[PDB]
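Asks: Structure in structure tokens, see below.
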Amino acid sequence: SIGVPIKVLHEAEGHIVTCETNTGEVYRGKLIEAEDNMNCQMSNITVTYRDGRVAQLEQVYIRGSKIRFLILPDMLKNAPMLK
Amino acid sequence: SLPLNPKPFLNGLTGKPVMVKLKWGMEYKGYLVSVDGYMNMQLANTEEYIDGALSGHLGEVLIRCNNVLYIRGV
Amino acid sequence: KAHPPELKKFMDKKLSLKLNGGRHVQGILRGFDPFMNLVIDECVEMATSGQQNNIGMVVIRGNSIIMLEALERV
Amino acid sequence: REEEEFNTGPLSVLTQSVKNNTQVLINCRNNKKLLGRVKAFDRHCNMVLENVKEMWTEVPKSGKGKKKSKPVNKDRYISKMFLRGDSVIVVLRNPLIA
Amino acid sequence: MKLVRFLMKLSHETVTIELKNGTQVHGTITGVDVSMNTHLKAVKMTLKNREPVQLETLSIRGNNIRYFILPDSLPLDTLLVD
Amino acid sequence: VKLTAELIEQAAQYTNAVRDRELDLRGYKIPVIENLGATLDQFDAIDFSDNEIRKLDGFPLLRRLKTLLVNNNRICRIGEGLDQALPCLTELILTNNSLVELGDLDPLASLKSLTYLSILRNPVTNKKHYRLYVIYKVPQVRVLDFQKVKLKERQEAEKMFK
Amino acid sequence: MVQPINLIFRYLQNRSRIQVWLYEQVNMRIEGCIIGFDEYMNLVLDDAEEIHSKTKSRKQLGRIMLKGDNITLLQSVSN
Amino acid sequence: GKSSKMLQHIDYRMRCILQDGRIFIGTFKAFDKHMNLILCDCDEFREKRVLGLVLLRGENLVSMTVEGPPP
RNA sequence: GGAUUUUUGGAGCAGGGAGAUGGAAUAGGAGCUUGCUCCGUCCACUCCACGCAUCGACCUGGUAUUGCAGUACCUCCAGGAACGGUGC
């Protein structure tokens with residue numbers, strides 16, 4: 001019922017990652033909450049969009065509907081992600 | 001008045017001349033013949049209207065729920 | 001399945017929501033929904049020129065919700 | 001349940017195309033109208049048709065360039081094709097086979 | 001009834017698939033899943049106002065395919081029987 | 001130990017520090033760079049350091065080749081068909097080579113996409129007005145021997161030998 | 001916690017005029033009195049009017065059955 | 001039946017084309033029912049953009065093909 | 001197993017106006033070649049409304065920091081604006 005990219009996104013909670021939306025908005029910061037439906041809630045987040053309007057916010061919440069991609073660090077790509 | 005659900009309103013609108021406008025701007029005006037539970041429409045003797053001007057008659061026209069924006073009973 | 005979004009920490013907090021077509025609103029959330037529908041009481045929407053217009057209690061659906069940023073420290 | 005809803009609802013307008021072997025037109029989201037006989041259908045409006053004729057209109061799209069030339073219409077024919085129900089926008093049934 | 005069982009039985013046939021962005025990919029259909037995941041081998045893809053490129057393998061999703069084109073010698077009457 | 005297809009298929013390939021696909025071909029002592037068609041232009045960088053290549057030529061058409069490491073070699077001549085085989089070549093490290101004359105830098109002017117060039121630890125760099133001749137012959141290069149080209153150096157290169 | 005379905009039921013019971021904005025369409029919106037609703041957010045507006053913000057015009061249609069897939073935002077108006 | 005179309009291209013470098021015209025070339029490690037691709041050390045071409053481990057959603061995927069041999 | 005976060009799609013289409021401005025080597029029609037006249041396709045410059053405002057990347061000059069870390073991005077001032085997207 002839980003996917004392996006969903007488990008990799010849930011296991012990467014608490015690290016400095018980024019989420020690029022379909023409109024180009026990149027919410028970067030520490031992934032505080034990551035649900036099974038790609039709901040990313042971050043604290044002390046930073047908005048760096050394709051528009052380029054870079055700002056800093058206390059809390060941000062991006063849903064999985066308009067989420068295009070997610071850039072995660074390579075600390076979890078070795079184990080236990082080796083299948 | 002009384003709160004009416006949209007499904008008996010769509011069931012009772014069969015046989016009456018209505019007009020269904022889509023999201024692309026075009027509308028089809030005709031008598032509603034068939035309306036299922038998936039919000040699909042099938043009309044007879046339909047006429048096409050674009051930008052407030054009539055285009056032509058087509059007859060039986062089937063419009064799905066993914067493209068139809070609104071419907072008004074005339 | 002059908003898990004609700006984690007909106008318990010953002011309850012009764014002034015947040016700014018972004019809607020499709022480049023819409024921006026700001027208001028206090030008054031509830032949650034499993035379909036990502038948010039009720040914003042005393043909401044103020046930003047116009048194109050920059051003026052804020054108070055629309056009151058509004059309901060935003062999850063199909064057009066882009067990003068919600070909390071303006072208060074939770 | 002499903003067969004009665006398919007033979008009594010809007011899908012019966014599709015079912016009159018495959019039973020009586022009539023010609024219907026399908027206008028898609030790419031501004032193209034394909035007239036043909038519906039051979040196979042489904043619940044998701046997956047239309048597999050044979051002997052279809054698709055007509056549309058195209059622009060030169062900066063072909064030669066300097067500020068006076070018009071677009072033009074075009075048409076083509078296919079022996080057998082299959083189109084999904086997502087791109088099907090309008091479906092019109094008209095007595096054109098007679 | 002179900003078009004997925006008819007599309008899955010069309011393996012080892014040279015067909016074409018036109019997407020919503022105008023890209024047409026012509027190749028031999030080798031794999032079809034329940035989600036219409038078309039896996040083809042030795043395909044040729046032509047995008048909108050671009051040059052055709054030949055690839056040894058290609059994997060197109062079902063939601064990105066707009067229309068399909070089958071040859072005239074395809075037994076559609078025999079393949080429709082479940 | 002010439003460069004063949006079996007040596008390229010058994011060589012290690014990974015991601016470099018600039019997030020580019022680089023194949024480590026060091027420690028092979030290849031006398032001539034050839035048989036590079038087995039990679040099928042799937043590498044963004046070529047690590048050919050510590051080799052015995054005499055001429056930087058014989059390479060096939062590779063549009064994805066953007067970086068070429070030819071450090072610690074005996075390269076004394078450059079091929080004239082470098083632009084027809086690598087149109088997207090932007091990084092060329094030719095430090096500690098056998099280039100003695102500036103005339104070997106004349107086939108290097110065909111690379112219009114080349115911006116970073118390294119000609120340090122070479123007898124050609126010890127000649128008079130070598131940097132001005134390299135700036136005049138290759139105006140597309142922006143960084144020469146880990147130094148940014150300024151407007152005064154370009155004016156001095158365009159003034160002399162005009 | 002205030003549910004959106006309970007707010008829609010209270011707006012249908014109060015019979016107040018509400019304006020509905022369309023999805024990916026900021027030039028034209030609808031306005032009317034919602035009489036009933038369903039699980040798919042299908043609104044039944046009586047004496048509805050389409051307001052175009054660009055042309056500053058209002059065209060009445062009457063009984064309109066608006067689907068929930070197109071309505072993005074709904075606000076309550078005093079008119 | 002066999003469902004070996006996605007398992008044969010596992011741990012290999014593939015280039016997926018997006019809907020907006022972008023191309024992501026990365027090592028496909030795992031997938032799911034929603035076609036969620038995890039491309040470790042991926043490059044973005046349209047210019048080169050250093051991305052790394054990029055987890056792209058299946059809704060923005062159009063086509064995918066083999067790029068080269070596995071590292 | 002087509003009704004809001006993935007697979008039966010909300011996608012399609014067009015780039016403001018003017019000027020006795022300039023070009024279609026081999027590719028427009030008509031006045032039935034060539035020369036001329038008219039009309040529904042671009043790029044370069046000029047004028048009105050450098051289309052507008054925003055932030056990011058970037059180039060010149062001056063200027064500050066000499067600091068042991070695992071990173072959306074990193075000093076400040078002024079000029080220019082080749083690039084990206086946002087709303088009108």
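Every chain in the structure tokens takes a letter, A first, then B, and so on in the order presented; its residues are numbered from 1, and the ligands are numbered from 1 following the presented order.
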If you run DSSP on the backbone here, which positions in stretch 32-128 of chain F get helix (DSSP H, G or I)? Please write them as a PyMOL selection string.
Replies: chain F and resi 36-38+82-85+102-105+107-110
Asks: Which residues are close to residue D:89, i.e. within 10 Å by only C-alpha atoms (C1' of nucleotides), leaving aside same-chain residues fewer than 5 positions away? Reply as an mmCIF file with N, CA, C and O atoms, in the first residue's frame.
Replies:
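Contents of out.cif, as written:
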```
data_model
loop_
_atom_site.group_PDB
_atom_site.id
_atom_site.type_symbol
_atom_site.label_atom_id
_atom_site.label_comp_id
_atom_site.auth_asym_id
_atom_site.auth_seq_id
_atom_site.Cartn_x
_atom_site.Cartn_y
_atom_site.Cartn_z
ATOM 1 N N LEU B 22 -19.559 24.573 -22.682
ATOM 2 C CA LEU B 22 -18.322 23.919 -22.292
ATOM 3 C C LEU B 22 -17.290 24.948 -21.834
ATOM 4 O O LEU B 22 -17.532 26.157 -21.829
ATOM 5 N N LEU B 62 -23.338 14.032 -28.080
ATOM 6 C CA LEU B 62 -22.945 13.456 -26.801
ATOM 7 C C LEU B 62 -21.795 14.270 -26.223
ATOM 8 O O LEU B 62 -20.749 14.417 -26.864
ATOM 9 N N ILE B 63 -21.990 14.794 -25.015
ATOM 10 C CA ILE B 63 -20.994 15.604 -24.326
ATOM 11 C C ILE B 63 -20.661 14.930 -23.003
ATOM 12 O O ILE B 63 -21.563 14.552 -22.246
ATOM 13 N N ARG B 64 -19.368 14.780 -22.729
ATOM 14 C CA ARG B 64 -18.913 14.155 -21.499
ATOM 15 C C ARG B 64 -18.871 15.171 -20.361
ATOM 16 O O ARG B 64 -19.091 16.372 -20.551
ATOM 17 N N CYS B 65 -18.584 14.669 -19.159
ATOM 18 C CA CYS B 65 -18.517 15.521 -17.978
ATOM 19 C C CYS B 65 -17.181 16.237 -17.840
ATOM 20 O O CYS B 65 -17.103 17.238 -17.119
ATOM 21 N N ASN B 66 -16.133 15.753 -18.508
ATOM 22 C CA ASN B 66 -14.818 16.368 -18.384
ATOM 23 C C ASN B 66 -14.704 17.669 -19.169
ATOM 24 O O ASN B 66 -13.827 18.484 -18.868
ATOM 25 N N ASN B 67 -15.566 17.882 -20.165
ATOM 26 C CA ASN B 67 -15.512 19.081 -20.989
ATOM 27 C C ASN B 67 -16.661 20.047 -20.749
ATOM 28 O O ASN B 67 -16.496 21.245 -21.002
ATOM 29 N N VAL B 68 -17.806 19.568 -20.273
ATOM 30 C CA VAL B 68 -18.969 20.424 -20.059
ATOM 31 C C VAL B 68 -18.746 21.273 -18.816
ATOM 32 O O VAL B 68 -18.435 20.750 -17.738
ATOM 33 N N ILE D 26 -16.388 12.825 -34.374
ATOM 34 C CA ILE D 26 -15.759 13.062 -33.081
ATOM 35 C C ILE D 26 -14.839 14.265 -33.224
ATOM 36 O O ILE D 26 -13.871 14.226 -33.992
ATOM 37 N N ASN D 27 -15.158 15.336 -32.507
ATOM 38 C CA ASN D 27 -14.320 16.525 -32.445
ATOM 39 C C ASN D 27 -13.442 16.444 -31.205
ATOM 40 O O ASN D 27 -13.952 16.312 -30.086
ATOM 41 N N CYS D 28 -12.130 16.517 -31.407
ATOM 42 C CA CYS D 28 -11.155 16.363 -30.339
ATOM 43 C C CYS D 28 -10.694 17.731 -29.847
ATOM 44 O O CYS D 28 -11.128 18.778 -30.338
ATOM 45 N N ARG D 29 -9.799 17.712 -28.859
ATOM 46 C CA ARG D 29 -9.255 18.940 -28.291
ATOM 47 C C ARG D 29 -8.159 19.557 -29.149
ATOM 48 O O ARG D 29 -7.748 20.690 -28.875
ATOM 49 N N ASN D 30 -7.680 18.850 -30.172
ATOM 50 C CA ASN D 30 -6.661 19.365 -31.077
ATOM 51 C C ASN D 30 -7.256 20.017 -32.321
ATOM 52 O O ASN D 30 -6.568 20.092 -33.348
ATOM 53 N N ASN D 31 -8.514 20.476 -32.235
ATOM 54 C CA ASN D 31 -9.253 21.131 -33.327
ATOM 55 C C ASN D 31 -9.343 20.244 -34.568
ATOM 56 O O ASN D 31 -9.201 20.711 -35.700
#
```
Asks: Give as an MDAnalysis selection string every residue of chain H that touches chain I within 7 Å, counting only C-alpha atoms (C1' of nucleotides).
Replies: chainID H and resid 34 58:59
Asks: Given the selection you just returned, output its residues as a file containing N, CA, C and O atoms, formatted as a PDB file, in the first residue's frame.
Replies:
```
ATOM      1  N   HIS H  34       2.199   4.705  -9.329  1.00  0.00           N
ATOM      2  CA  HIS H  34       1.994   6.033  -9.891  1.00  0.00           C
ATOM      3  C   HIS H  34       3.149   6.482 -10.778  1.00  0.00           C
ATOM      4  O   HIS H  34       3.230   7.674 -11.098  1.00  0.00           O
ATOM      5  N   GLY H  58       5.051  11.015 -11.394  1.00  0.00           N
ATOM      6  CA  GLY H  58       4.604  10.347 -12.601  1.00  0.00           C
ATOM      7  C   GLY H  58       3.614  11.121 -13.442  1.00  0.00           C
ATOM      8  O   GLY H  58       3.374  10.744 -14.592  1.00  0.00           O
ATOM      9  N   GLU H  59       3.033  12.192 -12.898  1.00  0.00           N
ATOM     10  CA  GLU H  59       2.075  12.993 -13.650  1.00  0.00           C
ATOM     11  C   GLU H  59       2.740  13.879 -14.694  1.00  0.00           C
ATOM     12  O   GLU H  59       2.092  14.243 -15.681  1.00  0.00           O
TER      13      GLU H  59
END
```
Asks: Find the distance between atom CA of residue E:40 and atom CA of residue H:20 and write it in Å to one decimal.
Replies: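 Atom CA of residue H:20 lies at a distance of 22.8 Å from atom CA of residue E:40.
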Asks: Find the residues around residue D:2 up to 12 Å (only C-alpha atoms (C1' of nucleotides) counted), leave out those fewer than 4 positions away in its own chain, and share them as a list in words.
Replies: residues 36 and 37 of chain B; 6, 7, 8, 9, 11, 12, 42 and 43 of chain D; 1 of chain E
Asks: Can you write just those residues out, C-alpha atoms, as an mmCIF file, in the first residue's frame?
Replies:
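The result, stored in result21.cif:
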```cif
data_model
loop_
_atom_site.group_PDB
_atom_site.id
_atom_site.type_symbol
_atom_site.label_atom_id
_atom_site.label_comp_id
_atom_site.auth_asym_id
_atom_site.auth_seq_id
_atom_site.Cartn_x
_atom_site.Cartn_y
_atom_site.Cartn_z
ATOM 1 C CA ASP B 36 -26.517 9.171 -16.637
ATOM 2 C CA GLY B 37 -24.933 9.130 -13.182
ATOM 3 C CA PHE D 6 -25.066 1.464 -21.368
ATOM 4 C CA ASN D 7 -28.137 0.719 -23.519
ATOM 5 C CA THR D 8 -30.355 3.431 -21.983
ATOM 6 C CA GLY D 9 -27.961 6.313 -21.273
ATOM 7 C CA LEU D 11 -23.569 5.268 -24.323
ATOM 8 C CA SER D 12 -26.579 3.959 -26.274
ATOM 9 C CA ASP D 42 -15.890 0.708 -23.799
ATOM 10 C CA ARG D 43 -16.928 2.359 -20.536
ATOM 11 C CA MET E 1 -15.983 -4.757 -23.138
#
```
Asks: For stretch 3-7 of chain A, please output as JSON, numbers by chain all residues within 8 Å (counting only C-alpha atoms (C1' of nucleotides); exclusion window: fewer than 5 positions along the same chain).
Replies: {"A": [36, 38], "H": [30, 31, 32, 33, 36, 37, 38, 55]}
Asks: What are the closest atom pairs, with distances in Å to one decimal, for each residue of chain A lying within 7 Å of chain I, using only C-alpha atoms (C1' of nucleotides), rows by chain and rising residue number, as a tab-separated table?
Replies:
```
residue	atom	partner	partner_atom	distance
A:28	CA	I:72	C1'	5.8
A:37	CA	I:5	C1'	5.9
A:48	CA	I:72	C1'	6.5
A:50	CA	I:85	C1'	5.2
A:51	CA	I:85	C1'	3.7
A:52	CA	I:56	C1'	4.2
A:53	CA	I:55	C1'	4.2
A:54	CA	I:55	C1'	6.4
A:63	CA	I:5	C1'	6.6
A:64	CA	I:5	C1'	4.6
A:65	CA	I:5	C1'	4.0
```
Asks: If you keep C-alpha atoms, can you produce a file of those selected residues as a short mmCIF file (atom, residue, chain, number, x, y, z; two decimals), in the first residue's frame?
Replies:
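Result file is result10.cif:
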```
data_model
loop_
_atom_site.label_atom_id
_atom_site.label_comp_id
_atom_site.auth_asym_id
_atom_site.auth_seq_id
_atom_site.Cartn_x
_atom_site.Cartn_y
_atom_site.Cartn_z
CA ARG A 28 13.53 24.42 0.06
CA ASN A 37 0.15 11.72 -0.83
CA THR A 48 13.12 30.07 -4.75
CA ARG A 50 11.26 29.73 -11.51
CA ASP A 51 10.08 33.34 -11.21
CA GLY A 52 13.12 33.83 -8.98
CA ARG A 53 11.27 35.53 -6.09
CA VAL A 54 13.50 34.22 -3.30
CA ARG A 63 0.52 19.53 -1.70
CA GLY A 64 1.19 16.66 -4.09
CA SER A 65 -1.28 17.89 -6.71
#
```
